[PDB]
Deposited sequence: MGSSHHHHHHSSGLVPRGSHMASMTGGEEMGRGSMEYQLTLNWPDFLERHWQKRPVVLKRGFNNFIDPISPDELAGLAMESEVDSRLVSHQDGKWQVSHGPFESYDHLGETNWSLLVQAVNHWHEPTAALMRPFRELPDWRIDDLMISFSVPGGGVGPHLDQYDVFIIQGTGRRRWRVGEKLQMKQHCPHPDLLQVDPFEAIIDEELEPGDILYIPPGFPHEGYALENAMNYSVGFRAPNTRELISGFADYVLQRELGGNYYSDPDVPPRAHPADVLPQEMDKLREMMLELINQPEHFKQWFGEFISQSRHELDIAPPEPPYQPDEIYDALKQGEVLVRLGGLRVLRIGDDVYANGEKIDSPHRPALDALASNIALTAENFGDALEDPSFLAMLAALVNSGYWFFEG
């Protein structure tokens, strides 16, 4: 397992969502989980979101994958960036574990860039927190003060990253990175909803479930000098209906569990055929087999319920469920007596048959 040398309370107190910082030797003896060639290969696949970025003579150029080849690209001034490699490559997903000191619901995916000297995407800022882990090679990273693609900035951090160095950047800090030597960078990205996404999502939920069917009612309709007027008390009442629908706590929790447990990038969903019967799940677990969560699959506990990729999961076996949320790899011990409950077993079978968890690989 990858192991951070970070002082976490320090980082949280001084840097998280406050100030960028180079974590020198964040990882000791850093070994890359994937090679440039493997990355390129991955970028050859259609299910994978990737891009190639180039710059020559002052002018940029972006291409989107999949790429049939790379036959002629150049020695310098380009970079291949692949989103969510952790959805497609397990060793890569291992890089994200140490960052579980921060909450799962806030973590996004892992983006990998390979760059030849000069390669990079130019000066910009992002709306999300990011840890950029330096793998093989070397890159110059610059970060300016809080103000996509921005004007040139005066740097407050200007560093050459070495294998195992990590650059943390809060949202809104302009930054710029380019390779000095053939370089792999691993961006553990975070994600945070905005209010627009929240109200949109919740509205979709309410439409789908046919909730909020209560009509404005006015047996005490107020008088007005002008019949076309809409009075502030009526407005206040309608507004209050809206707020009240939002404050129905159980519905709020269910909607948010479904909303937030969805991923921002395509998952490698491969439903088993033929489907698993509950008995197979039982037997396999009892025989000591490991149930593995699909890479990038979001699984979060909200109250007593667990939410996996948009689906709610409810069971009177609390520790087993919590095991589903916390553990990437699972064994019979994690579930305990819950495996004797056939309703629970059928639930696990449904999850596996959806391709959300798989045995061993």
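Asks: Which runs of the deposited chain sequence never show up in the coordinates?
Replies: No C-alpha for residues 1 to 35, 183 to 193.
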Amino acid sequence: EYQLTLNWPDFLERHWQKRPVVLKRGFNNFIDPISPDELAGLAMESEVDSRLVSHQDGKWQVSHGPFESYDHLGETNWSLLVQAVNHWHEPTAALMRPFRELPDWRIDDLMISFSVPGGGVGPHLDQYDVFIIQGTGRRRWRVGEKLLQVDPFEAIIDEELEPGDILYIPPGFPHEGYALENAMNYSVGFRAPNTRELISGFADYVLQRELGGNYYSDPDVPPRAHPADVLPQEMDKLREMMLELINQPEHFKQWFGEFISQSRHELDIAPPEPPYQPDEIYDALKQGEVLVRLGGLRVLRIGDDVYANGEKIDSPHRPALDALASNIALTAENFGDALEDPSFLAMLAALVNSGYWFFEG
From here on, numbers count along this sequence of modelled residues.
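Asks: Indicate yes or no: is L161 absent from the model in at least a third of the other PDB entries of this protein that were compared?
Replies: No, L161 has coordinates in all the other entries compared.
Asks: Give yes or no for this: do at least a third of the other compared entries, each modelling residues before and after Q149, lack coordinates for it?
Replies: Missing in at least a third of the others, so yes.
Asks: For the C-alpha atoms alone, is the average B factor greater in 148 to 156 or in 133 to 141, going by the entry?
Replies: On average, C-alpha B-factors are higher across 148 to 156.
Asks: Is the mean CA B factor in the deposited entry higher across 55 to 63 or across 35 to 43?
Replies: Stretch with the higher mean C-alpha B-factor: 55 to 63.
Asks: Determine which member of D109, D165, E250, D104 has the highest CA B-factor, using the values in the deposited entry.
Replies: Most elevated C-alpha B-factor of the set, per the entry: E250.
Asks: By the recorded C-alpha temperature factor, relative to the other modelled residues in its chain, which third is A320 in?
Replies: Highest third.
Asks: Splitting the chain's C-alpha B-factors into thirds, which one does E289 fall into?
Replies: Its C-alpha B-factor, which the entry lists for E289, ranks in the lowest third among residues of this chain.
Asks: Rank-wise, by C-alpha B-factor, drop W88 into the lowest, middle or highest third of its chain.
Replies: As the PDB entry reports it, the C-alpha B-factor of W88 lands in the middle third of its chain.
Asks: Please rank the C-alpha B-factors of the chain's modelled residues and tell me whether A192 sits in the lowest, middle or highest third.
Replies: Its C-alpha B-factor, which the entry lists for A192, ranks in the lowest third among residues of this chain.
Asks: Using only modelled residues of the chain, where does the Cα B factor of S79 rank: lowest third, middle third or highest third?
Replies: It falls in the middle third of the chain.
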